[PDB]
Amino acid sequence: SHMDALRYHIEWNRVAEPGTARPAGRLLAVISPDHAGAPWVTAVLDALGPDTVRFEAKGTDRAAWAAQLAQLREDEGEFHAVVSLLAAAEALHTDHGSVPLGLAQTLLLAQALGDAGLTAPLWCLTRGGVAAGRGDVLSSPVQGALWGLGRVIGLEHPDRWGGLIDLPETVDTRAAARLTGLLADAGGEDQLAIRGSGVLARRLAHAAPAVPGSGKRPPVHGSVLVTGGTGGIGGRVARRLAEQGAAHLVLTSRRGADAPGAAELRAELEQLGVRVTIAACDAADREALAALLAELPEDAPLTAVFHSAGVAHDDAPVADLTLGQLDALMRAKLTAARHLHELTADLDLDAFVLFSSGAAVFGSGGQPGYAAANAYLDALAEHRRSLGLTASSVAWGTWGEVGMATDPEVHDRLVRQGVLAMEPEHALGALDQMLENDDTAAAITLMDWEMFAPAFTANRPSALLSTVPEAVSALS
């Protein structure tokens, strides 16, 4: 099927045991000084050895760090690699309430390295930011956001990007040796998870063909909340839910009833017999969300959430992105989804569906803020499954007809790259296959691999795509 052919999923496959020698040259370790106490942080610093130079990245000051780094690189000469432990800073930034401090500090470290002329490859370490291997628990969705930023750094600064490595809970000596071995030579891999049974790396595969009933999807009923539900994709999802018999759709956006197209949307939905509530309110306002949930009918309790609230604009290259831009991109994604998760965790929902993007799953040049925000969604869905709660993340490709991609501009960058506009009916039917399977994560995208693979790999290989045969064929 055509709908099957839009669905892909991320897998983690075993790779080679690394060598036994640590890096010959000197490592530079970067530490968040208020967040240096986690066990894995001390285990990593121990594994890097006492000869490793240590840089405490204090606060968020690009210019100060550029100066400090330039001084270090003057004194030492070229480093073998930069190893960042900034991801351990999960606390929100004091001035940007939707940006984890470690995310802010990572962006500014990537900036200041470039400013100071350090060219050693940057490796970003996380602990629990991916779900890798049968039974693996994604414990930190906040650290998971950093992977969407890293993948973009790999596309914008391939020559000075090492990669991302997720550590296990307990970094024992076998885990330490895998780490230091990868830092010496990672065999062309750059998205890695170190686990008790081996080193795994991240891979994209075609999803298994749809099996109706396998996931035991309950019938759509009760109240269903679609955030961004007046927006392009949210609207077409609400119309599908309505076709499928929802009792009550609750559609939100910051403009609510004043959003473009809302009256027409409400009328088309109501002709289907559905009760329609359209509310103005910001998905990152916890008190407004709570108030909205408090209003639901006894006869129509919340059964499902579809989180389509989002903006992509006002992003910038890694070298230029500000923290205020990053905060505005994170707000509807990390802040709003955290709220949705927390206020629905006891409700036994049938579906909790987060709309992510291919920018998070692949990386996309020019979109670091949006990739980090959407990668947090994907990680939160995995996290929620670990809690025994239902959750789905869908990393859409480009939609045709409706939504944020419908305009020649930076629709054309993507299209020239092989990421094609999907027909909405096909995208919706593929999402329906995913929910019928009860799959936790998918990318749903129409790709021309012959165009995409060579373009995406021109500066650097991508081990991610070696499990897509069309990409292997395009590179042959």
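Residue numbers here begin at 1 and follow the sequence given.
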Exercise. Mean CA B-factor: is it higher for 7 to 15 or for 454 to 462?
Worked result: 454 to 462
Exercise. Can you tell me which stretch has the higher mean Cα B-factor, 97 to 105 or 226 to 234?
Worked result: 226 to 234
Exercise. Taking the values straight from the PDB record, which of 127, 80, 73, 203 has the highest C-alpha temperature factor?
Worked result: 73
Seminar exercise, completed: One of 257, 176, 371, 88 has the largest Cα B-factor in the entry, namely 257
Exercise. Ranked by Cα temperature factor within the chain, is residue 53 in the lowest third, the middle third or the highest third?
Worked result: lowest
Exercise. Looking at the C-alpha B-factor of residue 168, is it in the lowest, middle or highest third of its chain?
Worked result: middle
Problem set entry | Chain-relative CA temperature factor third for residue 353 | lowest
Problem set entry | residue 427 by Cα B-factor - lowest, middle or highest third of the modelled chain | middle
Seminar exercise, completed: Here the Cα B-factor of residue 400, set against its chain, lands in the third termed highest
